[PDB]
Amino acid sequence: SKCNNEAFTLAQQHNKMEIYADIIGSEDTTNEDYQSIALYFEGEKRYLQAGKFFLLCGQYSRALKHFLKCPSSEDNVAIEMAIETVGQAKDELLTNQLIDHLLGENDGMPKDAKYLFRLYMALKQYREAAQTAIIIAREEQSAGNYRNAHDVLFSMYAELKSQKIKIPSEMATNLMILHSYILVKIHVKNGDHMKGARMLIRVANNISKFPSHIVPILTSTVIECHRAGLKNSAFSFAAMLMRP
Amino acid sequence: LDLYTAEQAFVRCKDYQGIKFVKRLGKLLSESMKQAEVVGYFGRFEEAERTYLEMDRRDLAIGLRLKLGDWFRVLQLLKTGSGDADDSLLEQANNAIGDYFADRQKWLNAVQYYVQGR
């Protein structure tokens with residue numbers, strides 16, 4: 001009906017059956033900080049959905065630590081939900097605690113750093129979201145996964161753009177370099193040697209940004225610069241290759 | 001930043017450098033770009049560089065330092081952020097500092113460069 005606890009009075013009755021409390025949450029469970037379900041599921045050491053049921057109102061500070069208490073991913077949807085819970089703009093110290101938890105220095109096995117970006121976007125501190133995006137994309141680029149780095153950086157760039165936020169020039173430069181390298185393969189694939197050669201020149205001028213494939217890419221550049229007629233650039237890049 | 005009284009007064013001085021600078025400045029189409037240009041006009045190079053950095057333009061700060069000879073500044077700026085062509089720019093900076101030390105008969109300092117550069 002509009003009852004705060006009467007149907008859940010019957011559900012704590014019915015010999016406190018779990019299924020009733022599992023189903024009432026989906027449509028609409030209760031009100032007044034939803035504390036009833038908060039202790040209903042937190043019983044018997046079931047410290048997982050009590051946090052989800054604390055998302056109703058100001059009961060989140062209790063089981064947010066329980067979400068955080070897991071050094072490993074107890075549930076990824078729970079991780080994202082706790083990120084949103086921090087994003088409720090409570091500005092508590094547990095926000096910093098979750099930042100540390102996602103860093104994983106107290107854990108030793110933190111998950112993907114995209115959650116850090118999501119948390120910073122939720123907190124609306126966009127000076128750090130861009131920095132985290134740059135760090136993640138640069139790490140993936142250094143590891144040698146340029147397609148994955150380009151994908152993640154583009155998605156993060158679009159997430160920052162969708163809010164009409166001034167995107168820093170460092171993020172744009174990184175995205176431009178990664179996308180130029182991505183287009184190298186496409187332009188070589190169709191045999192258009194001029195476009196691919198120009199993109200390879202743009203990559204080679206930043207080849208330090210592609211450490212793990214410094215030697216291969218440069219070689220390709222020379223070949224492409226030989227095909228496209230950019231033989232001066234080919235000579236310069238090959239001379240740079242003959243460093244010890 | 002009137003760019004009209006300025007041009008007339010430059011005409012009065014018969015200062016073609018000022019007239020051309022004002023025309024170039026008017027061709028430019030952004031404030032705080034023109035402000036950076038005019039604070040570079042008076043020789044406040046540090047102010048112009050800081051202005052360019054604050055508007056999130058490492059490119060134009062690098063260009064200003066490269067028009068001048070502050071190659072150590074170019075190395076310091078290239079340490080942070082990212083650029084369109086930073087390997088070539090840093091090699092040019094290292095070669096230029098090597099020349100800077102070698103023209104003053106200060107080898108063992110130019111030898112430090114010419115090696116990081118090629």
# chains A, B, ... in the order shown; residues from 1 in each chain; ligands from 1
>>> select_by_dssp(residues="chain B", states="helix (DSSP H, G or I)", output="JSON, numbers by chain")
{"B": [5, 6, 7, 8, 9, 10, 11, 12, 13, 16, 17, 18, 19, 20, 21, 22, 23, 24, 25, 26, 27, 34, 35, 36, 37, 38, 39, 40, 41, 45, 46, 47, 48, 49, 50, 51, 52, 53, 54, 58, 59, 60, 61, 62, 63, 64, 65, 66, 67, 71, 72, 73, 74, 75, 76, 77, 78, 86, 87, 88, 89, 90, 91, 92, 93, 94, 95, 96, 97, 98, 99, 100, 101, 102]}
>>> interface_residues(of="chain A", to="chain B", cutoff="10 Å", atoms="only C-alpha atoms", output="mmCIF file with C-alpha atoms, in the first residue's frame")
data_model
loop_
_atom_site.group_PDB
_atom_site.id
_atom_site.type_symbol
_atom_site.label_atom_id
_atom_site.label_comp_id
_atom_site.auth_asym_id
_atom_site.auth_seq_id
_atom_site.Cartn_x
_atom_site.Cartn_y
_atom_site.Cartn_z
ATOM 1 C CA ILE A 134 45.735 9.883 -19.084
ATOM 2 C CA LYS A 166 36.913 21.566 -21.162
ATOM 3 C CA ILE A 167 39.002 18.502 -22.011
ATOM 4 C CA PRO A 168 42.704 19.083 -21.244
ATOM 5 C CA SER A 169 45.089 19.324 -24.174
ATOM 6 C CA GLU A 170 47.095 16.370 -22.831
ATOM 7 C CA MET A 171 44.104 14.039 -23.197
ATOM 8 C CA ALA A 172 43.405 15.349 -26.701
ATOM 9 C CA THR A 173 47.049 14.913 -27.724
ATOM 10 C CA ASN A 174 47.140 11.354 -26.384
ATOM 11 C CA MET A 176 45.184 12.054 -31.380
ATOM 12 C CA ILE A 177 48.418 10.050 -31.266
ATOM 13 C CA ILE A 201 55.497 9.964 -39.646
ATOM 14 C CA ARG A 202 53.181 11.414 -37.001
ATOM 15 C CA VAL A 203 53.629 8.255 -34.915
ATOM 16 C CA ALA A 204 57.406 8.115 -35.375
ATOM 17 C CA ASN A 205 57.770 11.718 -34.225
ATOM 18 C CA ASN A 206 56.316 10.469 -30.907
ATOM 19 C CA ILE A 207 57.692 6.888 -31.083
ATOM 20 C CA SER A 208 58.746 7.225 -27.443
ATOM 21 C CA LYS A 209 55.024 7.066 -26.624
ATOM 22 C CA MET A 240 67.595 7.092 -36.459
ATOM 23 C CA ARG A 243 71.557 4.080 -33.490
#
>>> residues_around(residues="residue 97 in chain B", least_positions_apart="5", cutoff="10 Å", atoms="only C-alpha atoms", output="list in words")
residues 69, 70, 71, 72, 75, 91, 92, 102, 103, 109, 110, 112, 113, 114 and 117 of chain B
>>> write_last_selection(atoms="C-alpha atoms", output="short mmCIF file (atom, residue, chain, number, x, y, z; two decimals), in the first residue's frame")
data_model
loop_
_atom_site.label_atom_id
_atom_site.label_comp_id
_atom_site.auth_asym_id
_atom_site.auth_seq_id
_atom_site.Cartn_x
_atom_site.Cartn_y
_atom_site.Cartn_z
CA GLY B 69 66.68 30.76 -26.94
CA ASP B 70 65.47 29.35 -23.61
CA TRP B 71 66.10 25.73 -24.53
CA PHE B 72 66.38 24.65 -20.89
CA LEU B 75 63.32 20.74 -21.77
CA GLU B 91 66.32 16.28 -29.95
CA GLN B 92 66.33 19.82 -31.36
CA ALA B 102 80.10 24.56 -27.47
CA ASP B 103 80.02 28.11 -28.86
CA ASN B 109 78.83 20.24 -21.02
CA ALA B 110 77.97 20.09 -24.70
CA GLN B 112 76.48 15.78 -22.06
CA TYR B 113 74.14 16.81 -24.88
CA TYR B 114 74.85 15.75 -28.49
CA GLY B 117 70.39 14.29 -28.83
#
>>> atom_distance(atom1="CA of residue 87 in chain A", atom2="CA of residue 119 in chain A")
6.6 Å
>>> residues_around(residues="residue 47 in chain B", least_positions_apart="6", cutoff="9 Å", atoms="only C-alpha atoms", output="short mmCIF file (atom, residue, chain, number, x, y, z; two decimals) with C-alpha atoms, in the first residue's frame")
data_model
loop_
_atom_site.label_atom_id
_atom_site.label_comp_id
_atom_site.auth_asym_id
_atom_site.auth_seq_id
_atom_site.Cartn_x
_atom_site.Cartn_y
_atom_site.Cartn_z
CA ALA B 36 49.20 36.81 -24.29
CA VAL B 39 52.21 40.70 -22.68
CA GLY B 40 54.81 39.13 -24.94
#
>>> residues_around(residues="residue 104 in chain A", least_positions_apart="5", cutoff="8 Å", atoms="only C-alpha atoms", output="PyMOL selection string")
chain A and resi 71+109-110
>>> write_last_selection(atoms="N, CA and C atoms", output="PDB file, in the first residue's frame")
ATOM      1  N   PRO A  71      38.858  -6.898   0.369  1.00  0.00           N
ATOM      2  CA  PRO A  71      40.017  -6.523  -0.456  1.00  0.00           C
ATOM      3  C   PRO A  71      39.885  -6.943  -1.907  1.00  0.00           C
ATOM      4  N   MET A 109      45.413  -6.372  -4.781  1.00  0.00           N
ATOM      5  CA  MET A 109      44.839  -6.831  -6.042  1.00  0.00           C
ATOM      6  C   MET A 109      43.654  -5.965  -6.484  1.00  0.00           C
ATOM      7  N   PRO A 110      43.840  -4.649  -6.605  1.00  0.00           N
ATOM      8  CA  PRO A 110      42.723  -3.791  -7.016  1.00  0.00           C
ATOM      9  C   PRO A 110      42.303  -4.066  -8.451  1.00  0.00           C
TER      10      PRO A 110
END
>>> residues_around(residues="range 50-54 of chain A", least_positions_apart="5", cutoff="12 Å", atoms="only C-alpha atoms", output="count of residues only")
44
>>> residues_around(residues="residue 151 in chain A", least_positions_apart="5", cutoff="10 Å", atoms="only C-alpha atoms", output="MDAnalysis selection string")
chainID A and resid 137 146 156:157 175 178:179
>>> atom_distance(atom1="CA of residue 44 in chain B", atom2="CA of residue 104 in chain B")
26.9 Å
>>> decode(residues="range 8-85 of chain A", atoms="C-alpha atoms", output="PDB file, in the first residue's frame")
ATOM      1  CA  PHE A   8       7.346  -6.091   5.802  1.00  0.00           C
ATOM      2  CA  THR A   9       5.750  -6.667   9.205  1.00  0.00           C
ATOM      3  CA  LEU A  10       4.185  -9.748   7.606  1.00  0.00           C
ATOM      4  CA  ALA A  11       7.539 -10.543   5.938  1.00  0.00           C
ATOM      5  CA  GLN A  12       9.567 -10.309   9.170  1.00  0.00           C
ATOM      6  CA  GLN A  13       6.662 -12.481  10.200  1.00  0.00           C
ATOM      7  CA  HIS A  14       6.058 -15.394   7.849  1.00  0.00           C
ATOM      8  CA  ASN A  15       8.824 -16.721  10.137  1.00  0.00           C
ATOM      9  CA  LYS A  16      11.160 -14.040   8.719  1.00  0.00           C
ATOM     10  CA  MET A  17      11.252 -15.724   5.312  1.00  0.00           C
ATOM     11  CA  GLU A  18      14.070 -14.503   3.079  1.00  0.00           C
ATOM     12  CA  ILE A  19      12.263 -14.702  -0.272  1.00  0.00           C
ATOM     13  CA  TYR A  20       9.712 -12.058   0.719  1.00  0.00           C
ATOM     14  CA  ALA A  21      12.494  -9.613   1.607  1.00  0.00           C
ATOM     15  CA  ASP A  22      14.323 -10.533  -1.604  1.00  0.00           C
ATOM     16  CA  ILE A  23      11.304  -9.701  -3.752  1.00  0.00           C
ATOM     17  CA  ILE A  24       9.906  -6.640  -1.924  1.00  0.00           C
ATOM     18  CA  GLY A  25      13.130  -4.763  -2.655  1.00  0.00           C
ATOM     19  CA  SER A  26      12.771  -4.944  -6.434  1.00  0.00           C
ATOM     20  CA  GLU A  27       9.544  -2.961  -6.838  1.00  0.00           C
ATOM     21  CA  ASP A  28       9.339  -0.937  -3.609  1.00  0.00           C
ATOM     22  CA  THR A  29      10.280  -2.097  -0.102  1.00  0.00           C
ATOM     23  CA  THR A  30       9.866   0.600   2.582  1.00  0.00           C
ATOM     24  CA  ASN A  31      10.756   4.156   3.632  1.00  0.00           C
ATOM     25  CA  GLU A  32      12.238   6.079   6.586  1.00  0.00           C
ATOM     26  CA  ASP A  33      15.887   5.263   5.795  1.00  0.00           C
ATOM     27  CA  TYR A  34      14.754   1.691   4.952  1.00  0.00           C
ATOM     28  CA  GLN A  35      16.424   0.539   8.169  1.00  0.00           C
ATOM     29  CA  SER A  36      14.066  -2.442   8.475  1.00  0.00           C
ATOM     30  CA  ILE A  37      15.499  -4.236   5.444  1.00  0.00           C
ATOM     31  CA  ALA A  38      18.921  -2.904   6.464  1.00  0.00           C
ATOM     32  CA  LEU A  39      18.976  -5.084   9.561  1.00  0.00           C
ATOM     33  CA  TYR A  40      16.774  -7.750   7.947  1.00  0.00           C
ATOM     34  CA  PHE A  41      19.421  -8.746   5.414  1.00  0.00           C
ATOM     35  CA  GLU A  42      22.480  -7.753   7.473  1.00  0.00           C
ATOM     36  CA  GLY A  43      21.610 -10.590   9.841  1.00  0.00           C
ATOM     37  CA  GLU A  44      23.373 -13.953   9.687  1.00  0.00           C
ATOM     38  CA  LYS A  45      26.584 -12.254   8.467  1.00  0.00           C
ATOM     39  CA  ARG A  46      24.904 -11.482   5.106  1.00  0.00           C
ATOM     40  CA  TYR A  47      26.751  -8.182   4.680  1.00  0.00           C
ATOM     41  CA  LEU A  48      26.178  -7.701   0.934  1.00  0.00           C
ATOM     42  CA  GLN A  49      22.644  -6.567   0.077  1.00  0.00           C
ATOM     43  CA  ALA A  50      22.324  -4.481   3.248  1.00  0.00           C
ATOM     44  CA  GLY A  51      24.512  -1.944   1.469  1.00  0.00           C
ATOM     45  CA  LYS A  52      22.264  -2.008  -1.596  1.00  0.00           C
ATOM     46  CA  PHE A  53      19.265  -1.508   0.688  1.00  0.00           C
ATOM     47  CA  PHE A  54      21.091   1.360   2.409  1.00  0.00           C
ATOM     48  CA  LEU A  55      21.137   3.160  -0.957  1.00  0.00           C
ATOM     49  CA  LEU A  56      17.512   4.106  -0.219  1.00  0.00           C
ATOM     50  CA  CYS A  57      18.388   6.877   2.251  1.00  0.00           C
ATOM     51  CA  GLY A  58      21.053   7.914   4.754  1.00  0.00           C
ATOM     52  CA  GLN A  59      22.007   4.450   6.002  1.00  0.00           C
ATOM     53  CA  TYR A  60      24.868   3.965   3.530  1.00  0.00           C
ATOM     54  CA  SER A  61      27.743   4.900   5.859  1.00  0.00           C
ATOM     55  CA  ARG A  62      27.317   1.596   7.732  1.00  0.00           C
ATOM     56  CA  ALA A  63      27.630  -1.045   4.998  1.00  0.00           C
ATOM     57  CA  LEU A  64      29.744   1.143   2.707  1.00  0.00           C
ATOM     58  CA  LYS A  65      32.651  -0.002   4.874  1.00  0.00           C
ATOM     59  CA  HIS A  66      31.448  -3.603   4.507  1.00  0.00           C
ATOM     60  CA  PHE A  67      31.603  -3.177   0.732  1.00  0.00           C
ATOM     61  CA  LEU A  68      35.032  -1.610   1.253  1.00  0.00           C
ATOM     62  CA  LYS A  69      36.007  -4.306   3.780  1.00  0.00           C
ATOM     63  CA  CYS A  70      36.453  -6.801   0.926  1.00  0.00           C
ATOM     64  CA  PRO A  71      40.017  -6.523  -0.456  1.00  0.00           C
ATOM     65  CA  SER A  72      38.860  -8.446  -3.550  1.00  0.00           C
ATOM     66  CA  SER A  73      35.834  -8.037  -5.793  1.00  0.00           C
ATOM     67  CA  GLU A  74      33.021  -9.539  -3.730  1.00  0.00           C
ATOM     68  CA  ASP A  75      30.600  -8.275  -6.395  1.00  0.00           C
ATOM     69  CA  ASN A  76      31.410  -5.908  -9.257  1.00  0.00           C
ATOM     70  CA  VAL A  77      27.890  -4.468  -9.381  1.00  0.00           C
ATOM     71  CA  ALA A  78      28.297  -3.853  -5.650  1.00  0.00           C
ATOM     72  CA  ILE A  79      31.553  -2.022  -6.416  1.00  0.00           C
ATOM     73  CA  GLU A  80      29.828   0.244  -8.940  1.00  0.00           C
ATOM     74  CA  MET A  81      26.916   0.774  -6.542  1.00  0.00           C
ATOM     75  CA  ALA A  82      29.321   1.803  -3.769  1.00  0.00           C
ATOM     76  CA  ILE A  83      31.016   4.147  -6.246  1.00  0.00           C
ATOM     77  CA  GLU A  84      27.611   5.740  -6.822  1.00  0.00           C
ATOM     78  CA  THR A  85      27.061   5.784  -3.050  1.00  0.00           C
TER      79      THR A  85
END
